[PDB]
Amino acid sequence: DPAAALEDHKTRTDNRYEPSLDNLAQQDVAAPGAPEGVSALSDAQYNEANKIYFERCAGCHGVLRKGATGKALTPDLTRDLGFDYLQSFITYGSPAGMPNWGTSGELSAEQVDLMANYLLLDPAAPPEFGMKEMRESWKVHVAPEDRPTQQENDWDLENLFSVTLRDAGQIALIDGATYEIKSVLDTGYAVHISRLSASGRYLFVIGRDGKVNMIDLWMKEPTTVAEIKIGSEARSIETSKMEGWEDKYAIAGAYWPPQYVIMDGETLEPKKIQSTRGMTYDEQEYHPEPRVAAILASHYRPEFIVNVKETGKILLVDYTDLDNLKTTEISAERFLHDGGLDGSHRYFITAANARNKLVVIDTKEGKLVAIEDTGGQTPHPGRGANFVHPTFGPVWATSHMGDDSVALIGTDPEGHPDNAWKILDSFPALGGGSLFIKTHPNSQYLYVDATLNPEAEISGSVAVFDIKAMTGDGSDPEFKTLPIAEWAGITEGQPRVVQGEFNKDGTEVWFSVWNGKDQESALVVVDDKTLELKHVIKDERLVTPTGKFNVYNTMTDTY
C-alpha cells in the first residue's frame, strides 16, 4: 500500500538529522540507458532527478541506493514495485531536513515523476576521490618554516571561540572574555566542526564539501596556512592527542567516498587513505556505503577512534606506523554517530542512535566493554556531559532527539563497580528534539537544549539541572528553563537555540540562537554562577551561527 508513506515518510523530531548530500548533488551526471520495459530520462531530466535524490533522499537511502536508515531502493526492487507505486508513494512527501537550510520534503508533480523514473534506472557510483585528487587540491599557503616560532598576536588563544557561520561558509574567531569578533574567516562551503591541535596552535575546520582548512593561531592575523579536499561529502575531523604526538597528525572522515584520511598535522599532506566499505558487524553482509561519523583521538594510545555508521564498527587506528598499519576493528552496533570520552579519557561512549544504544569502548585495552539501551528514543549526545553525580559517582549523560529524556551511564568500573556501564537514571528535560547536553568541571549545572522541538517556546529555551541537588531516589530532578532566544531579542522567523559551549574557566556558557541566512541570529552568553544573561553577541556578519568551540575545552577534551 502506497499510503504507508504517511507514516514512513512523516517528519519527526528524530528523523531530520540524516545527511543531505548537497555538495555531491552539484556534480552533473549523464543519463544511463534504460533496459527493456523501462522508459529513459533525458540527460537534463536525469540530472534534475539526481540532484533532488542526493539532496533529499540519499541521506536515508544511500547515494548507491543500498539503504541506510531507510531500505534499499535499487532497480531490482523498484522495478518490481513499478512506476505507479513509486509515483504514489513519493507524492505524499519525504521527511524534512534540518531547520533553516534543510529541505521541506515536498515535490511538484513534474518532480515526483522524475524521481519515480530515476529510481527505475541504474545509478552509476559517484566518482571516487583518491590520493591523486587530494594532492591536486592540496595547497600549502604558508610553509611551516615560514610561520611564526611564537604567538605573534596578543590574543588569549585558550579562551577563544571558533564559531561556525554555517550558510556563509565562514567561521568567527570570538574573544571569550570581551566577546569581540576578532576575525571572520572564509573557507568557501559550510563548516561542520572546528577542532584544535593538542598544542592549541592549529585550528582545523572541515567543510561539508570535504574541504579542510588549517589555520595558524600564532600569526598576527590568523588565516589558513594549508588546505586540502578529502572527499565530496564530509562531516568529521580530529587531531592527534596522545602525549608525545602533539601536532603530528590530523584525520578527516567522509560520507562519500566512504573513507577516512590521515594527514600531516603541520602541512595537511595526505598520508594514508582507508576505505570504510566492508561488512556489517551483525548480519555480516557487504555494505557499499559505510559513512564515517564521529572521529575522536585516544589519550591512552597513539590512535584515532573512528565511527563507521552503517556497518557498526569502531576503528582504533594506530598512527605510529602508516605503512605497517595496525588497526582494531571493533564490532559494536549499527548506526554509530556521535560520542565522547568519559571524564578519565579512557572510555569512548557513543550513540548507535537509530537503535537507541550507547556503546562503550575501552581505549586502553582496545575492546568493547558494554552496549546499553538508554530507554529513550534516538540518543544524540554530541560529545556528551561528564560529571560526578553526588550519589552515583562518575557518570556521562546524553539527551535524545526522539523524546525529552536525559540518561546517565556510570563510567567508573574500578571505583563504582555495580554502577559501571549501567543506565543509572533517566529523567525529562524541556521536550523532544534535543541535540546537545553540556557541563564543565567548574560548573554545578547540566544544560540541555531542545533545538528540533516543534514548539518555539521550547526550541528557543534551555533546561538547566543542578547536579549538586541530584539524589538518586529515582525521582525526577527539577530544572530551570532559560529563555535563551527571548534573551537575544529575536522573535522573527523561528530561531532555534543550539549547543552549549563553555569558556576556558567554565564560568560562562554560550548558546547559538540559530535563525535563517536572511534573518537575525545571535550568540547568548550565560553566567554559569547565576544562570542569568551576561551578554548578547549580534553582528550583521553573524549568519546562521551553529557550532561553537572553545580552544581550551576542545584541545583538552574537557566536557
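Counting begins at 1, following the sequence as shown. For clarity, a rigid core is taken as the largest C-alpha set superposing within 1.5 Å between two forms.
Stretch comparison, 180-188 versus 302-310: after rigid core superposition, larger RMS CA deviation in 5 other deposited structures of this protein is found for 180-188.
Fitting each structure in 5 other deposited structures of this protein onto the rigid core and averaging C-alpha distances over structures and residues, 483-491 emerges as the more displaced of 217-225 and 483-491. If you average the C-alpha B-factors over 499-507 and over 33-41, the higher value belongs to 33-41. Look at the mean CA B-factor for 51-59 and for 488-496 in the entry; the higher one is 488-496. Which of 418, 412, 365, 455 has the largest Cα B-factor in the deposited entry comes down to 455. Ranking 537, 551, 543, 25 by Cα temperature factor from the entry places 25 first. Among all modelled residues in this chain, the alpha-carbon of residue 94 has a temperature factor (C-alpha) in the highest third. In the deposited entry, the Cα temperature factor of residue 525 places it in the lowest third of its chain's modelled residues. Sorting the modelled residues of the chain by their CA temperature factor places residue 375 in the middle third. Among the modelled residues of the chain, residue 283 sits in the highest third by CA temperature factor in this PDB entry.
When the modelled residues of the chain are ordered by C-alpha B-factor, residue 235 sits in the middle third.
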